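Encoded as structure tokens, the structure appears first; notes follow it.
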Amino acid sequence: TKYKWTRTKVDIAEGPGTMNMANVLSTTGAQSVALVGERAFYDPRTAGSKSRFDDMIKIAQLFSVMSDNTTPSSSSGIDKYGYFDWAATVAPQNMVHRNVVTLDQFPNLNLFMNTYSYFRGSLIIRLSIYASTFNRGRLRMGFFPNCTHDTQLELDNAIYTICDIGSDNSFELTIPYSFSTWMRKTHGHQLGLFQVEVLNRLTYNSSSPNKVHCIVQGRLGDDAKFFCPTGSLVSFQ
Amino acid sequence: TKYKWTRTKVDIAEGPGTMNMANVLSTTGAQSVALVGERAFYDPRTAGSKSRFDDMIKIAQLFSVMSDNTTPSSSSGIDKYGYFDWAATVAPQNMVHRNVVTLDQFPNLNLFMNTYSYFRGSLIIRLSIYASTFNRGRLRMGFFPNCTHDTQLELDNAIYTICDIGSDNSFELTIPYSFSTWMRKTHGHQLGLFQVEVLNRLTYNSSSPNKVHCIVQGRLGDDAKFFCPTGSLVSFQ
Amino acid sequence: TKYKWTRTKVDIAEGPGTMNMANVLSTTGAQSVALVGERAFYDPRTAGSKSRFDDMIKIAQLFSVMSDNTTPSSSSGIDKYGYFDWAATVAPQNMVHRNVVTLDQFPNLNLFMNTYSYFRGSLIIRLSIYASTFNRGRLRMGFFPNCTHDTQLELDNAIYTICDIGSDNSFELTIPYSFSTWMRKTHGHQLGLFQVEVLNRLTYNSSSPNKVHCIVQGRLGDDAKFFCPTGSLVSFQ
Amino acid sequence: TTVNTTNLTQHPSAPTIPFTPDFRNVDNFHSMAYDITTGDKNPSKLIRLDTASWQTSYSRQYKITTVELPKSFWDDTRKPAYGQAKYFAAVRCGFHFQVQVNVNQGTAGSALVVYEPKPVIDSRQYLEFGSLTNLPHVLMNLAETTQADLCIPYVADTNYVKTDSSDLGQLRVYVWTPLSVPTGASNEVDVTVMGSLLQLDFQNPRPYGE
Amino acid sequence: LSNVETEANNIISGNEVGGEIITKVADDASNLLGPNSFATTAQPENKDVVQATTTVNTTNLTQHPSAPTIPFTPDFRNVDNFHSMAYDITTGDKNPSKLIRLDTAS
Amino acid sequence: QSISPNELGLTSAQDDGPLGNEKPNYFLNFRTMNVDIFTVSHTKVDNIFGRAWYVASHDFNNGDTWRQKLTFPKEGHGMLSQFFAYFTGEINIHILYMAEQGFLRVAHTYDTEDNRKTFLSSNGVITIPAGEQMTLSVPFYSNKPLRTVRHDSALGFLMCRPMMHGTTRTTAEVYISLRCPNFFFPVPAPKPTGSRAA
Amino acid sequence: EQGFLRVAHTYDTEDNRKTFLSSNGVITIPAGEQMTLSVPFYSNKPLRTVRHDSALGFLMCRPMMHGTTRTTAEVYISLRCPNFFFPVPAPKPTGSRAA
């Protein structure tokens, strides 16, 4: 029955040892192997929804308050995060807040940076002020994309975004992606700086709240995306 | 003689260790391997019959009395399974029987649920009453597809099926497949409840049997089918 | 140089261990393997004859006397196998011989049944009587295809075949293949029964041989064939 | 045959109808124009489900008023969630919600309405709030919008759910910005939710009480 | 009887003009017609069949049959073969007739 | 239309009628919806016997060699055994060998019949090296056709010779799976085997 | 053990059994070899899976014979072509971080 026959393959560049991997996997390109068990295949159904999606960054794209104790607060007690826009601070050059910086923010971007490490994209930010309809006021928002150590009215230098409240909230200011290279590290390497600055007062009438405030929540998108995985982690959590 | 040549395959994602399985098998998709021995192949004939069939559920589909000692009885002594429809029970709201529930029934569905575990389909049931031609009577049949703890005339609530005897027997009532999910577990998880209820009497004349009775046998089909195997078992039997 | 590439085969359903068989072989379907040595190939010639043949049953198909000591005899001393048709035996219902039964017969069918075990086909038999031209006589031949324990004139029941001698010998009677199933075992399981029966005498004149006799040789064919091998053996011989 | 109950009878007599019956199906003439309704259509409509509480004792993350799982129409003493579902055991239905919170002008505070869909309410874990903000929610700014609309298609693991026992969605109103109190005005703005039910299915009968 | 059942129906369609739901006219009455129908059908159909089987030289007249009751798809034969001792068939038809011995010596 | 035992016509069954009414569950309108991929054979034959497992058996005392020939009952079988009545099929054997660290070899084949002397390698051979995988398929033949008794059982024999010896213990494993069962199966499904009389 | 022994494994489903495991499946993996299977699904009551059971299941591992020395195993997972969708995203915010 000898052809030949078959003779031969004998590459084998191997070492028939993964071969069957282990190793383990990367990057998939290894489908259901040494099949299988057996056999056919399933036929599921919704609902659910007709939501079969990759992405990922579609699940980012959701405005989420920054942590709890950011300032911190919530409770912690009150504030009642966002500090307080409350009369006394006037002097049109002041207010309070701060970044340092960063990317925690633990509204689930914690978990993203706790699995992937690299990315490119912006951190669209929202400030949302709550007060009744009577009183009104303006205030700005500084953000520097580098960034430095606090660092005063150069917040007048850099980016801006005026704020009127109002009917009705909330607000927005974006950032374009700013850095050298292309990817950035997702750990404690770098990001910018953020203040809110009272310029004119938030006034009050004799029947009024007299105290008005903020909440600030960021999200990443819609240009963004992540590159490569890593084990991290935060133990675990 | 070097081409090349052959060089190479060297996948091997392996680990040339099943490879040849062991493991063992699943799902077949492994035909006669490392062949063989050798060679040709057979050429059988009936009879027999021209009965080459898959299925399976074709071999279920056969009405089979429920066990022996169901009630139990048979003998055990008499009854003579099916209890007895015998005068004294009147009070159109009564009779006797009971499920709890289940799927044993050991007319070979024992062995099905003792190899496969999952399925969908109904349990078509038959009651068959034996009495001579003279006497007559009506009686109903309750079945709840959940089910609960006994649990009275709500048997008037749920499903029904009237019974007249008669010329001649037997009878039938079905159940549609009722449960959440899609598959159900085939072990002692759940099924319904079953009574027979005397409403009017089964009368008798001065020359007559004076005692008349039942037998009840179920079967599964024709919509049914089973999913996946399992080792079970009942030791073994 | 990574394609890909090759990645992969990785079946391997193995276990690269025969693979190259050992095991050993069955059924050939394994030709000259791990070739080879090398290379070309031969170019033979007859003679010989132009006799390249499969079969096998062509080499059976050759009339061959049954053993030596069948009766036994040859010498052993004389007889001079075939017993003797010699006057005294008259009584048209008698003669002598016997099978029990069988398939040994050791004219090389010994070796067939000593390598293969199974088959289907008949045992064409020949009786050959030797006497000079003067004297004459008739005799029959019983054979039962089951068979039993001796077992008289039911030899008149069963198969027949008359015999006249004559000018000139020899003779023949066949058997059709008779059994249940399809294959039969080739060991000591079963076969029939055989007598020769003198009905009229084999006469003699005053110048004549006065003693006349037989030889009997069987062979298998032409419908026959064998199925599967086995190690047997007769040690070895 | 009738719904869920067959009657097999062996010795009939005759239909025996009185004269030319031609029976209906109003009428009309009219008989209280309301048609028809439910169940088909009475079992599904807005309904009240809520109560009163507030002031300043609540820090922002402090819970407010949880509204119960599908059991909460059953144990409600009014509409279907009582009559028909006190018969059948199996329920599959969508959900439609209007939540009403009206304050007195001049004050501001936020309310948050989320619809957790049975995620083993586990312990929610303490930092997970945003978190809690990815869900099919609604954020009421009480300065302006006095009502809020919401629609939940239900999703649950199983393809059906036991009537009062196995549930699915649990409304929770959480406070956001504990309320501001000008001096002076009423201390309590309370809350209300009024619900409505979409095309609705009961199945799988069972005796009365269970 | 026959028309009466369809009268129960035609009542059903009486209230069917109500898509509710759908309807078929509680409770599934949509059939009170029965299965053609409370009559008769088979059982004491008697004569309800009478049978009158036959075999060589013997008739069996039986008055209350039940049913043929065959096991699966019988298709029964008539070797086979496969073969089962090639001898076919024989007699009687053909065994009863053959040469035979009848004689003796003197 | 409500059937009648001891009445017509056969062993068939029916559509069992499209009652209730509807109603909406309630009696019918049951239409099959295949959930799986669909291989669907999970209800069908072939596949299931296609899987394997069975007997985990045949330990081995070292001294000495030879055989003993073992009778494969085919059932057993005893794990997935809940399934059967009938007679036949053309096997697929799986053999495994746990022994000396790559020291030794195992020769195996079958069978047929009664007995022999003998050189076994005639009727076949399959040299399986130490610590390797369990691989064969047999076809059939005499094997007197006529199918096979069905509860012999199971008509047969395996022959196992562990060649040389490495002075330590030795162990083997035998799994079975029969593929493309002609089976039919025949005369189903008599042997009700409702034993359960376990 | 240096190429001594074998490992049989399969799953699962469900609650319990006696039993002969080889019924519900088998995958004889020889000593010192590579980590290879893919399961498909089924009853597996469809309805998807709780999501935080967890994780609805069981693996069954029998190490056959014995070689008188110690023994060790490893289990890695990867789920492919996830239908997932995923469904109801991305509720379970799991912002625990409350690590």
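Every chain in the structure tokens takes a letter, A first, then B, and so on in the order presented; its residues are numbered from 1, and the ligands are numbered from 1 following the presented order.
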
Chain E near chain F within 9 Å: what's each residue's closest atom pair and its distance in Å to one decimal, counting only C-alpha atoms, ordered by chain then ascending residue number, as JSON lines?
{"residue": "E:24", "atom": "CA", "partner": "F:21", "partner_atom": "CA", "distance": 7.7}
{"residue": "E:27", "atom": "CA", "partner": "F:23", "partner_atom": "CA", "distance": 7.7}
{"residue": "E:28", "atom": "CA", "partner": "F:21", "partner_atom": "CA", "distance": 4.4}
{"residue": "E:29", "atom": "CA", "partner": "F:21", "partner_atom": "CA", "distance": 7.0}
{"residue": "E:30", "atom": "CA", "partner": "F:21", "partner_atom": "CA", "distance": 6.3}
{"residue": "E:31", "atom": "CA", "partner": "F:21", "partner_atom": "CA", "distance": 6.9}
{"residue": "E:34", "atom": "CA", "partner": "F:1", "partner_atom": "CA", "distance": 8.8}
{"residue": "E:35", "atom": "CA", "partner": "F:1", "partner_atom": "CA", "distance": 5.8}
{"residue": "E:36", "atom": "CA", "partner": "F:1", "partner_atom": "CA", "distance": 8.1}
{"residue": "E:37", "atom": "CA", "partner": "F:1", "partner_atom": "CA", "distance": 7.9}
{"residue": "E:38", "atom": "CA", "partner": "F:1", "partner_atom": "CA", "distance": 8.8}
{"residue": "E:41", "atom": "CA", "partner": "F:1", "partner_atom": "CA", "distance": 8.2}
{"residue": "E:42", "atom": "CA", "partner": "F:7", "partner_atom": "CA", "distance": 8.2}
{"residue": "E:43", "atom": "CA", "partner": "F:4", "partner_atom": "CA", "distance": 7.2}
{"residue": "E:65", "atom": "CA", "partner": "F:7", "partner_atom": "CA", "distance": 8.4}
{"residue": "E:66", "atom": "CA", "partner": "F:7", "partner_atom": "CA", "distance": 4.9}
{"residue": "E:67", "atom": "CA", "partner": "F:7", "partner_atom": "CA", "distance": 4.8}
{"residue": "E:68", "atom": "CA", "partner": "F:9", "partner_atom": "CA", "distance": 6.4}
{"residue": "E:69", "atom": "CA", "partner": "F:10", "partner_atom": "CA", "distance": 4.9}
{"residue": "E:70", "atom": "CA", "partner": "F:10", "partner_atom": "CA", "distance": 5.6}
{"residue": "E:71", "atom": "CA", "partner": "F:11", "partner_atom": "CA", "distance": 6.2}
{"residue": "E:72", "atom": "CA", "partner": "F:11", "partner_atom": "CA", "distance": 6.7}

Q: Excluding residue 93 in chain F and any residue of its chain fewer than 4 positions from it, enumerate the residues within 10 Å of it, using only C-alpha atoms, and give them as a list in words.
A: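 Near residue 93 in chain F, the qualifying residues are residues 32 and 33 of chain B; 52, 134, 135, 136, 137, 138, 174, 175, 176, 177 and 178 of chain F.
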
Q: Please report, as number ranges by chain, each residue of range 5-223 of chain B to which DSSP assigns helix (DSSP H, G or I) when run on this structure's backbone.
A: B: 109-113, 154-157

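Distance annotation: of D:25, D:107, D:131, D:77, the residue with the minimal separation from chain E is D:25; atom set is only C-alpha atoms.
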
Using only C-alpha atoms, tabulate the residues of chain B lying at most 9 Å from any atom of chain E, each with its closest atom pair and that distance in Å to one decimal, by chain and increasing residue number, as CSV.
residue,atom,partner,partner_atom,distance
B:45,CA,E:82,CA,8.4
B:46,CA,E:80,CA,7.9
B:47,CA,E:80,CA,7.6
B:48,CA,E:74,CA,8.0
B:49,CA,E:74,CA,5.9
B:50,CA,E:73,CA,7.3
B:51,CA,E:73,CA,7.3
B:167,CA,E:44,CA,6.6
B:168,CA,E:43,CA,6.0
B:169,CA,E:43,CA,8.7

(Q) Need to verify the contact set: residue 76 in chain D, 12 Å, only C-alpha atoms, exclusion of same-chain residues closer than 4 positions in sequence. Can you return it as a list in words? (A)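 Counting only C-alpha atoms, the residues come to residues 43, 47, 48, 49, 50, 68, 69, 70, 71, 72, 80, 81, 82, 83, 85, 86 and 164 of chain D.
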
Q: Please identify all polymer residues within 10 Å of residue 86 in chain F, counting only C-alpha atoms, omitting same-chain residues fewer than 5 positions from it, and present them as number ranges by chain.
A: F: 148-151, 183-192

Output C-alpha atoms for every residue in that selection, as a CSV table (one decimal), in the first residue's frame.
chain,number,residue,atom,x,y,z
F,148,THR,CA,-26.0,-11.2,16.9
F,149,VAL,CA,-28.1,-12.8,19.7
F,150,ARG,CA,-28.6,-9.5,21.4
F,151,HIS,CA,-28.1,-10.7,25.0
F,183,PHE,CA,-29.3,-1.8,13.8
F,184,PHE,CA,-32.4,-0.3,12.3
F,185,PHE,CA,-33.0,-1.2,14.9
F,186,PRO,CA,-34.6,-4.5,14.5
F,187,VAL,CA,-37.8,-5.8,16.2
F,188,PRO,CA,-38.1,-2.6,18.3
F,189,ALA,CA,-38.3,-2.2,21.1
F,190,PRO,CA,-39.2,-5.5,22.5
F,191,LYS,CA,-36.8,-6.5,25.2
F,192,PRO,CA,-38.6,-3.8,27.3

At most 10 Å is the cut-off: for each residue in chain D with any atom that close to an atom of chain E, write down the nearest atom pair and the distance in Å rounded to one decimal, counting only C-alpha atoms, chain first then increasing number, as a Markdown table.
| residue | atom | partner | partner_atom | distance |
| --- | --- | --- | --- | --- |
| D:1 | CA | E:29 | CA | 4.9 |
| D:2 | CA | E:27 | CA | 3.0 |
| D:3 | CA | E:27 | CA | 3.8 |
| D:4 | CA | E:27 | CA | 7.4 |
| D:5 | CA | E:27 | CA | 7.6 |
| D:6 | CA | E:28 | CA | 8.9 |
| D:7 | CA | E:32 | CA | 9.3 |
| D:8 | CA | E:34 | CA | 8.9 |
| D:9 | CA | E:38 | CA | 7.8 |
| D:10 | CA | E:38 | CA | 6.4 |
| D:11 | CA | E:38 | CA | 7.3 |
| D:12 | CA | E:38 | CA | 7.3 |
| D:13 | CA | E:1 | CA | 6.9 |
| D:14 | CA | E:1 | CA | 5.7 |
| D:15 | CA | E:4 | CA | 5.0 |
| D:16 | CA | E:4 | CA | 7.8 |
| D:17 | CA | E:7 | CA | 8.6 |
| D:21 | CA | E:11 | CA | 8.5 |
| D:22 | CA | E:14 | CA | 6.6 |
| D:23 | CA | E:14 | CA | 6.3 |
| D:24 | CA | E:15 | CA | 6.1 |
| D:25 | CA | E:15 | CA | 6.9 |
| D:36 | CA | E:20 | CA | 9.9 |
| D:38 | CA | E:20 | CA | 9.8 |
| D:40 | CA | E:20 | CA | 8.1 |

Q | Nearby residues (only C-alpha atoms) at most 12 Å from range 118-123 of chain A, same-chain spacing under 6 positions excluded, as number ranges by chain | A | A: 57, 60-64, 101-105, 109, 112, 143, 145, 172-189, 191-192, 217-230

Return as CSV the residues of chain F lying at most 9 Å from chain G, together with the closest atom-to-atom pair for each and the distance in Å to one decimal, counting only C-alpha atoms, with rows in chain order and ascending residue number.
residue,atom,partner,partner_atom,distance
F:35,CA,G:42,CA,8.5
F:36,CA,G:42,CA,7.0
F:51,CA,G:25,CA,7.6
F:52,CA,G:23,CA,7.1
F:53,CA,G:22,CA,4.5
F:54,CA,G:22,CA,6.4
F:55,CA,G:22,CA,8.7
F:56,CA,G:22,CA,8.7
F:78,CA,G:20,CA,7.5
F:79,CA,G:20,CA,4.9
F:80,CA,G:23,CA,4.8
F:81,CA,G:23,CA,8.5
F:98,CA,G:5,CA,6.0
F:99,CA,G:4,CA,6.5
F:100,CA,G:4,CA,7.1
F:101,CA,G:4,CA,6.0
F:102,CA,G:3,CA,7.6
F:131,CA,G:3,CA,6.9
F:132,CA,G:30,CA,7.7
F:133,CA,G:30,CA,8.2
F:171,CA,G:65,CA,8.5

Save out the residues we just selected, N, CA, C and O atoms, as a PDB file, in the first residue's frame.
ATOM      1  N   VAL F  35     -34.290  24.109  18.883  1.00  0.00           N
ATOM      2  CA  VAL F  35     -33.466  25.040  19.623  1.00  0.00           C
ATOM      3  C   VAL F  35     -31.999  24.918  19.255  1.00  0.00           C
ATOM      4  O   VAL F  35     -31.334  25.941  19.055  1.00  0.00           O
ATOM      5  N   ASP F  36     -31.482  23.705  19.127  1.00  0.00           N
ATOM      6  CA  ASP F  36     -30.057  23.512  18.912  1.00  0.00           C
ATOM      7  C   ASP F  36     -29.710  23.847  17.463  1.00  0.00           C
ATOM      8  O   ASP F  36     -30.546  24.317  16.690  1.00  0.00           O
ATOM      9  N   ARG F  51     -21.294   8.383  20.487  1.00  0.00           N
ATOM     10  CA  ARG F  51     -20.464   8.764  21.617  1.00  0.00           C
ATOM     11  C   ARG F  51     -19.938   7.506  22.285  1.00  0.00           C
ATOM     12  O   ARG F  51     -20.337   6.391  21.960  1.00  0.00           O
ATOM     13  N   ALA F  52     -19.011   7.659  23.215  1.00  0.00           N
ATOM     14  CA  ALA F  52     -18.462   6.481  23.867  1.00  0.00           C
ATOM     15  C   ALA F  52     -18.208   6.726  25.330  1.00  0.00           C
ATOM     16  O   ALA F  52     -18.432   7.822  25.824  1.00  0.00           O
ATOM     17  N   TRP F  53     -17.735   5.692  26.012  1.00  0.00           N
ATOM     18  CA  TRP F  53     -17.436   5.755  27.433  1.00  0.00           C
ATOM     19  C   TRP F  53     -17.371   4.319  27.916  1.00  0.00           C
ATOM     20  O   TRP F  53     -16.314   3.695  27.932  1.00  0.00           O
ATOM     21  N   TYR F  54     -18.524   3.802  28.301  1.00  0.00           N
ATOM     22  CA  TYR F  54     -18.650   2.438  28.759  1.00  0.00           C
ATOM     23  C   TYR F  54     -17.757   1.931  29.881  1.00  0.00           C
ATOM     24  O   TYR F  54     -17.372   2.641  30.805  1.00  0.00           O
ATOM     25  N   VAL F  55     -17.453   0.653  29.735  1.00  0.00           N
ATOM     26  CA  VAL F  55     -16.758  -0.193  30.686  1.00  0.00           C
ATOM     27  C   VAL F  55     -15.433   0.460  31.011  1.00  0.00           C
ATOM     28  O   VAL F  55     -14.690   0.841  30.108  1.00  0.00           O
ATOM     29  N   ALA F  56     -15.156   0.664  32.283  1.00  0.00           N
ATOM     30  CA  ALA F  56     -13.814   1.014  32.728  1.00  0.00           C
ATOM     31  C   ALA F  56     -13.373  -0.168  33.576  1.00  0.00           C
ATOM     32  O   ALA F  56     -13.833  -0.337  34.708  1.00  0.00           O
ATOM     33  N   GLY F  78     -21.696   0.011  31.267  1.00  0.00           N
ATOM     34  CA  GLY F  78     -22.914  -0.026  32.066  1.00  0.00           C
ATOM     35  C   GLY F  78     -23.446   1.362  32.408  1.00  0.00           C
ATOM     36  O   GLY F  78     -24.394   1.517  33.186  1.00  0.00           O
ATOM     37  N   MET F  79     -22.823   2.380  31.807  1.00  0.00           N
ATOM     38  CA  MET F  79     -23.074   3.763  32.196  1.00  0.00           C
ATOM     39  C   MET F  79     -24.203   4.373  31.372  1.00  0.00           C
ATOM     40  O   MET F  79     -25.271   4.672  31.913  1.00  0.00           O
ATOM     41  N   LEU F  80     -24.009   4.510  30.062  1.00  0.00           N
ATOM     42  CA  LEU F  80     -25.039   4.999  29.156  1.00  0.00           C
ATOM     43  C   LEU F  80     -26.019   3.892  28.783  1.00  0.00           C
ATOM     44  O   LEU F  80     -26.924   4.119  27.986  1.00  0.00           O
ATOM     45  N   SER F  81     -25.895   2.722  29.414  1.00  0.00           N
ATOM     46  CA  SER F  81     -26.614   1.503  29.044  1.00  0.00           C
ATOM     47  C   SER F  81     -28.123   1.629  29.053  1.00  0.00           C
ATOM     48  O   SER F  81     -28.804   0.692  28.632  1.00  0.00           O
ATOM     49  N   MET F  98      -1.665   2.020  30.619  1.00  0.00           N
ATOM     50  CA  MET F  98      -0.914   2.736  31.648  1.00  0.00           C
ATOM     51  C   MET F  98       0.143   1.796  32.195  1.00  0.00           C
ATOM     52  O   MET F  98      -0.175   0.875  32.957  1.00  0.00           O
ATOM     53  N   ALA F  99       1.396   2.000  31.811  1.00  0.00           N
ATOM     54  CA  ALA F  99       2.446   1.111  32.288  1.00  0.00           C
ATOM     55  C   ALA F  99       3.801   1.782  32.397  1.00  0.00           C
ATOM     56  O   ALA F  99       3.901   3.004  32.355  1.00  0.00           O
ATOM     57  N   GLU F 100       4.832   0.953  32.538  1.00  0.00           N
ATOM     58  CA  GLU F 100       6.214   1.399  32.669  1.00  0.00           C
ATOM     59  C   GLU F 100       6.517   2.628  31.832  1.00  0.00           C
ATOM     60  O   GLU F 100       6.105   2.726  30.678  1.00  0.00           O
ATOM     61  N   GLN F 101       7.228   3.569  32.435  1.00  0.00           N
ATOM     62  CA  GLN F 101       7.591   4.800  31.760  1.00  0.00           C
ATOM     63  C   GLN F 101       8.129   4.494  30.373  1.00  0.00           C
ATOM     64  O   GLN F 101       9.315   4.213  30.208  1.00  0.00           O
ATOM     65  N   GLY F 102       7.256   4.544  29.373  1.00  0.00           N
ATOM     66  CA  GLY F 102       7.684   4.270  28.009  1.00  0.00           C
ATOM     67  C   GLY F 102       8.542   3.034  27.826  1.00  0.00           C
ATOM     68  O   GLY F 102       9.329   2.974  26.877  1.00  0.00           O
ATOM     69  N   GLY F 131       1.846   4.177  27.101  1.00  0.00           N
ATOM     70  CA  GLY F 131       1.263   5.487  27.323  1.00  0.00           C
ATOM     71  C   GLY F 131       0.764   6.164  26.068  1.00  0.00           C
ATOM     72  O   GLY F 131       1.161   7.291  25.770  1.00  0.00           O
ATOM     73  N   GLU F 132      -0.102   5.496  25.317  1.00  0.00           N
ATOM     74  CA  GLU F 132      -0.547   6.046  24.047  1.00  0.00           C
ATOM     75  C   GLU F 132      -2.066   5.946  23.974  1.00  0.00           C
ATOM     76  O   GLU F 132      -2.706   5.613  24.974  1.00  0.00           O
ATOM     77  N   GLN F 133      -2.664   6.214  22.820  1.00  0.00           N
ATOM     78  CA  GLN F 133      -4.080   6.525  22.755  1.00  0.00           C
ATOM     79  C   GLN F 133      -4.853   5.398  22.099  1.00  0.00           C
ATOM     80  O   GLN F 133      -4.313   4.584  21.348  1.00  0.00           O
ATOM     81  N   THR F 171      -1.277  -1.808  33.605  1.00  0.00           N
ATOM     82  CA  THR F 171      -2.717  -1.618  33.648  1.00  0.00           C
ATOM     83  C   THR F 171      -3.216  -1.195  32.276  1.00  0.00           C
ATOM     84  O   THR F 171      -2.477  -0.606  31.489  1.00  0.00           O
TER      85      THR F 171
END

Q: Check every residue of chain G for an atom within 7 Å of chain D, counting only C-alpha atoms, and provide those that qualify as a PyMOL selection string.
A: chain G and resi 47-50+90-98

(Q) Based on only C-alpha atoms, which of the residues in chain F come within 8 Å of chain C? I want them as a ChimeraX atom specification. (A) /F:107-108,116-129,132-133,141-146

With a cut-off of 6 Å and counting only C-alpha atoms, select all residues of chain G in contact with chain A and give the selection as an mmCIF file with N, CA, C and O atoms, in the first residue's frame.
data_model
loop_
_atom_site.group_PDB
_atom_site.id
_atom_site.type_symbol
_atom_site.label_atom_id
_atom_site.label_comp_id
_atom_site.auth_asym_id
_atom_site.auth_seq_id
_atom_site.Cartn_x
_atom_site.Cartn_y
_atom_site.Cartn_z
ATOM 1 N N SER G 38 -13.566 22.259 23.659
ATOM 2 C CA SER G 38 -14.598 23.273 23.477
ATOM 3 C C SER G 38 -15.960 22.638 23.646
ATOM 4 O O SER G 38 -16.244 21.609 23.033
ATOM 5 N N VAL G 39 -16.791 23.233 24.493
ATOM 6 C CA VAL G 39 -18.133 22.729 24.734
ATOM 7 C C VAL G 39 -19.090 23.608 23.957
ATOM 8 O O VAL G 39 -18.753 24.748 23.636
ATOM 9 N N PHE G 85 -24.249 39.599 23.271
ATOM 10 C CA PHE G 85 -24.906 40.782 22.731
ATOM 11 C C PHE G 85 -24.099 42.057 23.007
ATOM 12 O O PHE G 85 -23.698 42.746 22.068
ATOM 13 N N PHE G 86 -23.843 42.370 24.277
ATOM 14 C CA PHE G 86 -24.311 41.579 25.409
ATOM 15 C C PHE G 86 -25.718 42.035 25.758
ATOM 16 O O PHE G 86 -26.206 43.017 25.199
ATOM 17 N N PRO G 87 -26.382 41.331 26.667
ATOM 18 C CA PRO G 87 -27.755 41.716 27.009
ATOM 19 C C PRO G 87 -27.808 42.663 28.196
ATOM 20 O O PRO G 87 -26.971 42.581 29.101
ATOM 21 N N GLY G 95 -18.981 48.453 40.277
ATOM 22 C CA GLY G 95 -18.016 49.492 40.548
ATOM 23 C C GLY G 95 -17.344 49.381 41.897
ATOM 24 O O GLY G 95 -16.826 50.372 42.416
ATOM 25 N N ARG G 97 -14.861 48.131 43.239
ATOM 26 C CA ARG G 97 -13.594 48.825 43.452
ATOM 27 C C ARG G 97 -13.542 48.818 44.953
ATOM 28 O O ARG G 97 -12.541 49.109 45.604
ATOM 29 N N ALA G 99 -12.866 46.854 46.518
ATOM 30 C CA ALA G 99 -11.895 45.798 46.782
ATOM 31 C C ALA G 99 -11.366 45.860 48.208
ATOM 32 O O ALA G 99 -10.267 45.384 48.489
#

Q.
Rounded to one decimal, what separation in Å do you get between CA of residue 129 in chain C and CA of residue 208 in chain C?
A. 15.5 Å

Q | chain A contacts to chain C at 8 Å (only C-alpha atoms) as a PyMOL selection string | A | chain A and resi 1-7+19-20+34

Q.
So the first atom is CA of residue 61 in chain F and the second is CA of residue 7 in chain G; what is the distance between them in Å, to one decimal place?
A. 21.6 Å

Q. Just how far from CA of residue 215 in chain C is CA of residue 81 in chain C, in Å to one decimal?
A.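 Between CA of residue 81 in chain C and CA of residue 215 in chain C the gap is 6.1 Å.
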
(Q) Which residues are close to residue 62 in chain D, i.e. within 12 Å by only C-alpha atoms, leaving aside same-chain residues fewer than 3 positions away? Reply as a PyMOL selection string. (A) (chain A and resi 74-78+80) or (chain D and resi 54+56-59+65-66+111-112+129+172-178)
